[PDB]
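Reviewing the structure listed below.
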Amino acid sequence: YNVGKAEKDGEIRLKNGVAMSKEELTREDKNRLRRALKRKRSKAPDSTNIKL
Amino acid sequence: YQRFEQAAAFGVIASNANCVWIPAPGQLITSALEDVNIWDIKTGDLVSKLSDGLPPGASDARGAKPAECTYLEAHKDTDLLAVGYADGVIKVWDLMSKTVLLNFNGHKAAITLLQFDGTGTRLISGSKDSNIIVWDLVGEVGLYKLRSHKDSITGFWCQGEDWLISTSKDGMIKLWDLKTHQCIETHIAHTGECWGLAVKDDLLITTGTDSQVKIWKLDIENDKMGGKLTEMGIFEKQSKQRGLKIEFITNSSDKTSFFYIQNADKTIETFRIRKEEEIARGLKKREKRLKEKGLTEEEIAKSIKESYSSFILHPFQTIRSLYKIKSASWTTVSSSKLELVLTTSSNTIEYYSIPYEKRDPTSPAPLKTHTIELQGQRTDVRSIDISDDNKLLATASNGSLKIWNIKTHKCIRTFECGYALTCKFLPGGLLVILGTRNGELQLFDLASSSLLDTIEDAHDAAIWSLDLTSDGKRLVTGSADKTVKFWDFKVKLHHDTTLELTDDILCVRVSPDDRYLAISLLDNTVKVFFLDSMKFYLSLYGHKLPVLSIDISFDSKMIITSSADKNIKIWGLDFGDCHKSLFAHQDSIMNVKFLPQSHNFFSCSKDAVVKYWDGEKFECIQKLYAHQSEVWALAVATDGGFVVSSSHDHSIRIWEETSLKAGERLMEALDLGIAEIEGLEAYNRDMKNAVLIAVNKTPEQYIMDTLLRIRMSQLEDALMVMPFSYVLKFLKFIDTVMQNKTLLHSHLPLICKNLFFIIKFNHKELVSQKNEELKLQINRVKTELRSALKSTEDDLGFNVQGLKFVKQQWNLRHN
Amino acid sequence: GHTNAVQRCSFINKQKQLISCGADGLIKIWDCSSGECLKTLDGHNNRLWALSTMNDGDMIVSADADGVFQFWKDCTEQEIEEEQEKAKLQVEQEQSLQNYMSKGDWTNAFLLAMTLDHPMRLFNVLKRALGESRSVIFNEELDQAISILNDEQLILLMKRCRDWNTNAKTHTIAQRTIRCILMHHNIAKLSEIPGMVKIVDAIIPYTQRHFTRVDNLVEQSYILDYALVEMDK
């Protein structure tokens, strides 16, 4: 057995064995995680209107 | 060159911000874009206008347009006003000094509301960034930041310092304990967003998007972990549009409280809280009626609770205007009558009052006694023209033309008219021509102060553009009907000839020499007619979109044209050839001016930017960004000194030319923390640092944190370099880690490895030491490490065989 | 959108919507303004000929050719009220969870975290509850709360423990929680719950690895016992 992706679409499970449900993450935490994933994938005419 | 600088801003009675009212019946401070306006209701005139500085167009002035002030907050006792702006900065201007004394910037976005505390020491500021900052005036800094709200704060109520209520565009009420610095209780205002929040003692009224408005009872000392704020009843206001803002006002003499709901609709509904005794009798009346109905006693209670909210609040009256109400505020309450000032969206303020007796107000309908329209136009000024003497500035809007003397800056007379598209100042200046959307021509006279004669059938459709010759005898009119009409003046106006054209005339526009006349058409080609011979000379081609403005150089050898394609083309007369095409404004350039007797030209666009270019250079001398909203019109003075530009928000504006390495970090970490331990122990023996106090964690925990910060790969060599005299300190620290069993169990593995790399490193040197006390430390540390490691093995072990049992049992069951 | 011929069409909710019945036996509710199928009702197995509506379509009566009547009752306000209450309850849980964790009421915070399905708060609740448990397995209140967990909550908790067990930096929290499960439940009931065994299978090999470790950490420690005996000389 090896930890993989989160079975629920509403959670983030890392290979570290830690799971993160989205609703409870802070906005600042969500931003950095999104950027972390981004780094992960990166290396991997009408007449009246014209006057008026 | 000479820098064009903005002299005077006027024509705006008010802007989009909350009104500030004070009694001396009072004095109203209105917002004027970035600038702040003071007005007096008694005289209905502007007392003074407060500009922070950085005049538009100046080198110090920022290229970006100055931000309109989002909110106005003033404490009458301190006599200081504070204004928040769109960028999130707060400017605190003293009422008397009329200049800034303090600047706060803690909001990443525009600020919704600003709240002064009762003492005046500090301010709670809430913003669209969902961060609310508690600014201390003496401290000039935010004590704490309130971010639990996921969206903009529509409002927040902080009558009591210890507890605060906040409503936000997330739709959520949040109870904030200012000691805790975190929100204790949170609940939904509405499924939709709550825009209005006000509280009267326990009852707390919140206005959702739809007509329904909920009342929450709050018991600040409930402290049951829940139900601090609880719903009494939900009452439907008459207006469907959401309630932006709500206030209570109460009369001390009669003990009567009234509250209005500032509906996004123009109608403003005001309701009266029935007397508790009058509530009881009404309840006793309603039950008697419900007995007459024959409803069951349980149903009687259900009707009462539904009518409970109606029992507390009685509809008092509703205030209707002609136009939408941008802001409102209780001014005063008297036993005879209430007063209220409200600022409309179209920039006039009217002061309503309600005489009342007992339950039903005496006044059948609200009456505005004070109103101001003489400095401000409800309708945006479509066309502006300047007098030849340059004394008098003409500003033509829909339903009104306003003429202002540049020196006085006050309107001299106002003319009633229609939806005027274009304005022209007659020859000699005793008169003005406008062209309306109805098509009827207008002849105005400055001397008489009124329209002379309106020719209803002068033209079929609307005159969209209009001209006058240099001599002025001949009048040319441009329109959508696709037909130009020529009109001549006599000591009466007669129509000399009519020109048929294929396409709608966007711009009739004439040369000074009167040699030729340009025509702008929706077909994106600008034809040129000789005006004297009346025959077509040349047509501009290649305009992506129709030409919004046409322009002839002073020498008359160039034709500058600004187009809806947002590009300006400059065509030479001799051959009708564009020398250069310039995408100046990111939005379309509506009108373009010259500097008289110069190749330079000024431009205006819906982006509100004004740009100054030179013909020989073909580049822009200076960029101007002062206009908050789109500038509809641009005018050039006959002198050329002052260039008039008017915004969509009614702003009339005129421009005039002038290191420690890892491992070592562990060492001093040992020195600092250990030095404290001996100090504590020495103090302990007696009875029988500044950074650390800022750290506010125990020395061993701080040493422990440093240990985690040190990299494990570079841990070994870090422990290698570490001298033995420090190791005695390290053993002493590990001894102190043990005294708190919890601290070890948190990081037992890392602590163990480190003590092990030490003992192996200095084993031969350690055996040399014969100090008995060190042995007692070595005795003690051993025993509990063994207990801790044994306990983990005991707990770790217990799982494997027991879990082996259930797997074996299931295997036997399912084999 | 109808697979077969439409035999009846009636307006409901005034101008806003239309209901249609087809030979396929399926009743479709459309939006007149947008012309899209909002809802599909399938209570019959044969073509529908008659469609009667009352109170602006609040009651819809459809008769099957086989002879079956489906009496449809409008309830939209009923479900809309329900989802509003569920949203109302959910906020009270997250806010109460925040107040408990700040106060340190782990036993109540545990229950809220499990219901809300909150891992790190769950992990934080157990971790700092353990630290207090250092300062029977966790404490008398939380040991009782974990015992009352139903089969669904049990399945959720151990899956977290499996994931925690894989990491050597968080296995300690997992093991004590699993110990309380075995200590405060009938293991026979633990076996019969479906899905237990497979998650259960994954945690021995990591648990045994932790046992090979720790014991080595345990074995090495007699270097100190070598140190003291060297002093005694």
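Protein chains in written order, with the deposited numbering: chain NA, 496 to 539, 586 to 593; chain LQ, 5 to 28, 38 to 504, 521 to 687, 745 to 774, 791 to 917; chain LR, 573 to 707, 718 to 815.
The beta-carbon is built from N, C-alpha and C at its ideal position, and this holds for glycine as well.
Would a check of beta-carbon distances place residue i closer than 9 Å to chain NA?
i, result
"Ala681(LR)", "no"
"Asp689(LR)", "yes"
"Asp814(LR)", "no"
"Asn617(LR)", "no"
"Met619(LQ)", "yes"
Does residue i come within less than 9 Å of chain LR when only Cβ atoms are used?
i, result
"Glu523(NA)", "no"
"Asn901(LQ)", "yes"
"residue 37(LQ)", "Since chain LQ is numbered 28 and then 38, with no step between, residue 37(LQ) has no place in the structure shown."
"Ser516(NA)", "yes"
"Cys196(LQ)", "yes"
"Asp897(LQ)", "yes"
"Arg534(NA)", "no"
"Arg530(NA)", "no"
"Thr204(LQ)", "yes"
"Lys503(NA)", "yes"
"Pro38(LQ)", "no"
Give a yes or no on whether 9 Å exceeds the smallest Cβ distance from residue i to chain LQ.
i, result
"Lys592(NA)", "yes"
"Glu654(LR)", "no"
"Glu704(LR)", "yes"
"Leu736(LR)", "no"
"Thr648(LR)", "no"
"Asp725(LR)", "no"
Since residue i and residue j should fall inside the 8 Å C-beta cutoff, what is the C-beta to C-beta distance between them, to a whole number of angstroms?
i, j, result
"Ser617(LQ)", "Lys595(LQ)", "5 Å"
"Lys598(LQ)", "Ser610(LQ)", "5 Å"
"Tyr545(LQ)", "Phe559(LQ)", "5 Å"
"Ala750(LR)", "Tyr496(NA)", "The pair is not a contact, with the Cβ atoms about 15 Å apart (cut-off 8 Å)."
"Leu809(LQ)", "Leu850(LQ)", "Contact flag wrong, Cβ pair sits at about 12 Å."
"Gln665(LR)", "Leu684(LR)", "5 Å"
"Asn22(LQ)", "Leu85(LQ)", "5 Å"
"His614(LQ)", "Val576(LQ)", "Contact doesn't hold; Cβ gap of about 14 Å is too wide."
"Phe682(LR)", "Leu724(LR)", "6 Å"
"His120(LQ)", "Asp142(LQ)", "5 Å"
What in chain NA is Cβ-close to residue i, meaning under 7 Å?
i, result
"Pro575(LQ)", "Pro586 and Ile591"
"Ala493(LQ)", "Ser588"
"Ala595(LR)", "Those do not exist, as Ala595(LR) stays about 39 Å from chain NA at its closest Cβ, beyond 7 Å."
"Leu551(LQ)", "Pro586 and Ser588"
"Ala784(LR)", "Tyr496"
Exposed or buried, what is residue i when buried is set at 16 or more other beta-carbons lying within 10 Å of its beta-carbon?
i, result
"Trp477(LQ)", "buried"
"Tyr672(LR)", "buried"
"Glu875(LQ)", "exposed"
"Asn526(NA)", "exposed"
"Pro328(LQ)", "exposed"
"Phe604(LQ)", "exposed"
"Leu746(LQ)", "exposed"
"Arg742(LR)", "buried"
"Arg538(LQ)", "buried"
"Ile26(LQ)", "exposed"
"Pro586(NA)", "exposed"
"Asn747(LR)", "buried"
"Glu608(LR)", "exposed"
Going along chain LR in order, which residues have a C-beta closer than 9 Å to the C-beta of residue i?
i, result
"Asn526(NA)", "Simply none; closest approach about 17 Å."
List the residues of chain LR whose Cβ lies closer than 8 Å to the Cβ of residue i, in chain order.
i, result
"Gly239(LQ)", "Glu664 and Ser668"
Can you list the residues of chain LQ that residue i reaches, using a CB-CB cut of under 9 Å?
i, result
"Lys660(LR)", "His200 and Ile201"
"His766(LR)", "Residues of chain LQ passing the Cβ test: none, with the nearest at roughly 13 Å."
At a CB-CB cut-off below 7 Å, which residues of chain LR make contact with residue i?
i, result
"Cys854(LQ)", "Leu799"
For residue i, which residues in chain LQ fall below 7 Å Cβ to Cβ?
i, result
"residue 715(LR)", "Any structural detail on residue 715(LR) is unavailable, because chain LR resumes at 718 straight after 707."
Contact residues within the segment 739-763 of chain LR, judged by C-beta distance below 8 Å to chain NA: Result list: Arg742, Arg744, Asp745, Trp746, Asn747, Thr748, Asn749 and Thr752.
Name, going along the chain, the residues of the segment 148-175 of chain LQ whose beta-carbon falls closer than 7 Å to a beta-carbon of chain LR. Per Cβ criterion, the list is empty.
Listed from N- to C-terminal order along the chain, which residues in the segment 565-598 of chain LQ have their beta-carbon within a distance smaller than 7 Å of any beta-carbon of chain NA? For the segment 565-598 of chain LQ, the residues whose beta carbon sits under 7 Å from a beta carbon of chain NA are, in order, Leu574, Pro575, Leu577 and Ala593.
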